Structures are given as C-alpha cells and as structure tokens.
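Given next, in structure tokens, is a single chain: the form deposited in one PDB entry.
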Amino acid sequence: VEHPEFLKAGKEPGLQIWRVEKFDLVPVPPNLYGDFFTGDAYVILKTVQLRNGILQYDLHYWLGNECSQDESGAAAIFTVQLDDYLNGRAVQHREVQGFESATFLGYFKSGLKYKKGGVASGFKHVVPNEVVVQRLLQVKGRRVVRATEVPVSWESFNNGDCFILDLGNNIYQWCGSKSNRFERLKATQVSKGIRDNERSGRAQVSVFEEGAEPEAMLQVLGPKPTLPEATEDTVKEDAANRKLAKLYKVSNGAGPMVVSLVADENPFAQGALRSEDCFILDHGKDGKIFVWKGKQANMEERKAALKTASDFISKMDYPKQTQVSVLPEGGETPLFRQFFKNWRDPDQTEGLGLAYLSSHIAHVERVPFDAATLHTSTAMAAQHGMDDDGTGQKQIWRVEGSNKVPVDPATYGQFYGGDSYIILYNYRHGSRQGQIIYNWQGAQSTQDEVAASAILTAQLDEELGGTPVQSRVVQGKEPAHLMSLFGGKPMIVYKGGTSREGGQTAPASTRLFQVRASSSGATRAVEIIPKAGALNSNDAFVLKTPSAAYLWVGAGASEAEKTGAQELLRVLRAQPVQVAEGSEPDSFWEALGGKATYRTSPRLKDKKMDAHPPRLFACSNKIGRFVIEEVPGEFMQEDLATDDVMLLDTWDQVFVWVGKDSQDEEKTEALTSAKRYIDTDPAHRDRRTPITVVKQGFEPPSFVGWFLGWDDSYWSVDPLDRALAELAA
C-alpha cells in the first residue's frame, strides 16, 4: 500500500508540501505555501531537473517551536521512508522555525508566515470565501522576510518594524517611524500576498505610517500608547570569521553512538570518506552539521541517520535549532564539497553537469562562449566573465614611486612581476558601455609601490566620476577578461624584476612558462619555478634553456594553449621542440630537477557553475564587526538595497556592489570587505582571487547577466513608491 501521497511525490519538477496530521500526510493548498502552523510539523519535497533530464530531490521536514514530539517524530519517519520510496537518493534536511536553511528559504520569495495554532488546537489551512478574521502579523527581515502572528494589541508593537492588521476584507499595513523604506517594501509583499493568495484579490490594502493610524485600527486596538524601540538583538548575527570544521566517523544502532575524530581541521581529504561508514561533517560553530552516508553502509544505520545527527547534537551540546543535512554518497552538494582539498568525481569527466544542481540556478541556461554573439548576451558575459571582446581602447601605466608612468605601447601585453600596473579600459557591449580600471599587483612589487598603485587606482576612479568598475588582480590569478585585452597574444607575465628605467634582469638560465587558456579562448603565459612537479596535463608549458625551446603540450591542452604557447616563443626569440606529454626526452626532464609527479586534475570547465554556484550576500562592518548574511533564492534586482553593500560571489571572482545610499565608510571598505569575505571562506580559497567593485547604476554586463529580471530604469523611481502604486490602485 505504501501510502497514497508517495505515489504523487516527485513525479515532475516542482514544490510539494504536506502537513503531518495525526501520523498522516495532508497536502497544503498550493496558494498557501509559505504558511506554517507553529505547533505543527511539515514535509517539503522539492524536485529539480538535472541537465541530463534526470530528477533531483531535496527532502525537508520542518518543525514549529510549539511542535510536540509525536508530530516531529511522525515527520522524521516520513522523511526517511519517503527517501526510501525514492530509492534513497534524496538529500534530507531538518529545518527548525526561525533557523531554516538558505536552500529552504529560497523556495519562498514572497516570504514566510508563522501562524498561531496547529492540529492539536483544531486549526487547518483553510481559506473559505466568506471568512471572519482578526489577526496581527509582525513583519521582520531584509533578505528573508518572516511574518509572525502575534497577539492583537499595542503591546506587540514597536517603532522599528512593520505590522499588518488583517481584518478580512480590509488589510492595514502599519510601519514604525524608525522603519527603513526597504523594510516597508518587503512588508508590502506580504500584504499583497494575503490579498491575492487568501481573499483572492478581493480585499483592500491600505498602508499607513506611525502617527496616522485609521479609525478601524484604533477601534480594535484602542488608543496608541508610547512605543518601544525594536529589539535588534532578536537574533543579531555576529559570525565574523568561522571557516573551521571537523570531520567525524560514526557507527551506532541509535543508542550506543560511537564517534571518533578523523580530521581535526579542514580542508579535509576526499579519501577520509569510506563507503562502508557514515561520517559527520561538523560545522556547528556556524550552526550546521552534515551527515554523510556511504553507499555500502548498513541499512539499519542508514535509516537512523536523522536520529544519529540528533544524538550528535546532544553529545556535542549544540543548540536544538542547528541545521541538519544528510547526503548519500554520490549525491553530495556544493556546500559539502567545498570542505575538501580537491574533490574529483570518478565519473564526471564526461556527462552533463553534476549529480546535484542548486535550486537557485536550476533555471539558468548554460550559454557557451561565442565572440561573435557576445555583445548581444549579458548571460554569456556573466557566465564567461567577459564584459566585451576586449578590443576596446586601453591605456597602461606602471607605478614608479608615487606616479603613473605610461608603459611603452609596444610592450603592451607584457608584465613584470616586479612592478604594479594600472589599466584603463573602455568596454562596449550593446546593452552597456563603460570603463574598467585594472590594478595588477606583481608578486614581487615592493609594498610601497603596491600600496601606491591601489591609491592611484582609487584616485583615477574618482577623477573619472566614480563611474568605472574597479578590479584588483594579483599576479597569478589574472581574470579572463584581463587576458583578452591584447589582440590574440597571450598575456605574458615574467616572474622577473622591473621594466622601468632599466631592469636588465630577466633572461635567466632555466625558465618555465605555463600557458593556461580561458572559456573565451584567451590565454596567458605565466612564469613559475622550474620543476617537474609543477606541470599540468591540461594547459601547455614552454621551457626556455640555453640549448633549445621545449614546447611541452599537455594531453589536456588544445588549440588556444598551443597557439598561445608558441606566440610566446617568438617573443622569447627561440625555436621550440614540440613535445607531447608522457613521451618526452630525458633532456627535458633534467631541465626541471628530475621527474616528479604530474598534476592530472581535470579543470571543471563547464561543470564550474555546478560545483561552485554563485551566491549573493549582504555586507555589514557596523561597529568594528564584520558580518555577512546570504540572500536566498534566484538572484533578483529587487534584493539590491541601495543602502547596502552586496557581494556577488562568483567562484572565479568576487563582485562587490555598493548601493548609492550606503555609508561612506563602508563603500571605502568595499575591497577590504571582499578580502575579509575571502579570507573567511571555509573553502580556504586562493587569497589572490580577483576582486571587482561595481557601482549602482553602472553595473557591468558580466554582473547583470546573473539577474534575469534586470532593468536599468529600476531605480529611476523609488521602488517603495512603485510598490505602493500597485496596492492602492
């Protein structure tokens, strides 16, 4: 028999929600998704279509604060058995009211609603036509909006939040005198939602500010007293730097839980993961633990994973609200993978996408690079980091002491690791035109000149109007677009000295050049330390020597690498010796110091977006404290608070968006915020990661391309006035 709802579950892409009622699954009306009774438990199944057409499942069970143990028990039981019915391939999530995951919150753009009552109280999700209602909702949140039913009284109020007095046919939105316009904008979406989803469009919504309360409101609440200040410390976040985690091994029936340390500090090795066991990725310091199930683990402890996680949270004395995710071997999520050195799937060198696809990007089309059509697609710009083809007008300066000195035009494309340069580029991309200032910092540039280049960069931006895009690039991690500014020649980077008045230092004895190519066909030749154990099967290298030139071409190489590899030889003034990987003369091996171990890690080209999906966060340095809050769901322009500083974390680059009305001391710390963000990432990513500062209204193509609903005129009119113009119309 197995239960009738299971037969409807996960049959096609979408969202399904059931409430557990007396050990039974009862469908919640689709128009009411987002509403959860505080004393109930729910089961939420999200189905996504992977790129190969296969279906992916995210199973969450939600627990209200006033929820008992028999109900939450029934929920955990259903999650387990439902996962089994779906062939144990679902990722499982335990969500607790007020602390649910970003994945979960992303499913409700309109926001969440916490209602008083539940099954034990005889309440149900029902919105008949003729209905009598008298409830008060307190709206809180900037990135994730939560509307909680509170007692209908002045005592529930404060002057900082917005409240909604729902009287049925009349919906009164009230916002405190100290409420921010963005918050009121959000409050309005909840009110509109009630009008449209409940009531079905047949209801009047009127918005009011403190001090202008209507008669209706005054009638049921009574005369307005003096109001309190909002308690910002409701759940004030202060998770500055939390990048550490531990890996445990577990084996238990459900009671005799044996836990043993396996890794005291991430990055963890993918090897520590054994298919015969279950592991617990402990990231509790950031309120989240992962339970990993090996594909050959016993059925008894597989079906006890949820309980196991609980016992772990107890024995570790963690808050009950800790976030829990259980993943099956082979179906690991990006958030889990990020904790390991170099995660390589032994069945993903081919195929389409990965075994998992983050919900917030499942709807994004993967557009391949096409130089000829690039200027007509912001999506392409964003996916390949190319604001334009790179053939626009540019100026290149070297920093000498404290001044900008023009670089000899004939030298363009050539850079010396002993200096720091600044580049002004004018880009043209149909939809937009602008400038980009690149600040390149050579690994051997002296501190004073590096510091001087940053300042000169900021000053150029300012004497240009504060309109340009500002990007900080470090030698070694040059971004794709910077690479394509030199016709078809690879960007050459000598780890050598300067190139000013007179360097004379460069033509050493044995130099090695690594030629890496980008999605846009762009290439760059970088000099490193001559050693076998530094080669890469993908890109192609060039080994200079007093004998001859070795044009080593790795098996994983291609057109772009080779072509660019040799164009370097012409510059170096030498004749190569095309040598294919594996079969290379021992003459080559000696010009490195032996013959160590290669590096055959296949670059996640297309799979890049899948393994490291982009994430959007909000920045706050307020009171010497650095805090970041992620904004869930599909990226929307509406989420960009003009008084905030946002971070669009691409994997290959970090964008920092600064709102027109943010504070001066925060837009000045833009770059610093990005660095703090990057030095804090649990993934322990390269600190050289390029950083790009964008200004509201002058966002580049590779930025907007990530937002499908992008409209330049969006800020021509105050969004809140726009919103207000819809309700009362």
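Residue positions are given as counts along the sequence shown, with the first one as 1.
Only in words, not in the display: the form solved in complex with a small molecule, which the text now covers.
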Determine whether any heavy atom of residue 516 comes within 4.5 Å of a heavy atom of the small molecule in the deposited complex, and answer yes or no. yes
Please run the contact check for residue 243 against the small molecule in the deposited complex: heavy atoms, 4.5 angstroms, yes or no? no
Contact label in the deposited complex: residue 394 to the small molecule, heavy atom within 4.5 Å: no
With a 4.5 Å heavy atom cut-off, would you call residue 432 a contact of the small molecule in the deposited complex? no
So which of 338-346, 402-410, 482-490, 542-550 is the stretch with heavy atoms within 4.5 Å of the small molecule in the deposited complex? 338-346
Work out which of 288, 195, 125, 612 lies within 4.5 Å of the small molecule in the deposited complex, going by heavy atoms. 612
Candidate from 249, 428, 199, 477 lying within 4.5 Å of the small molecule in the deposited complex - any heavy atom: 477
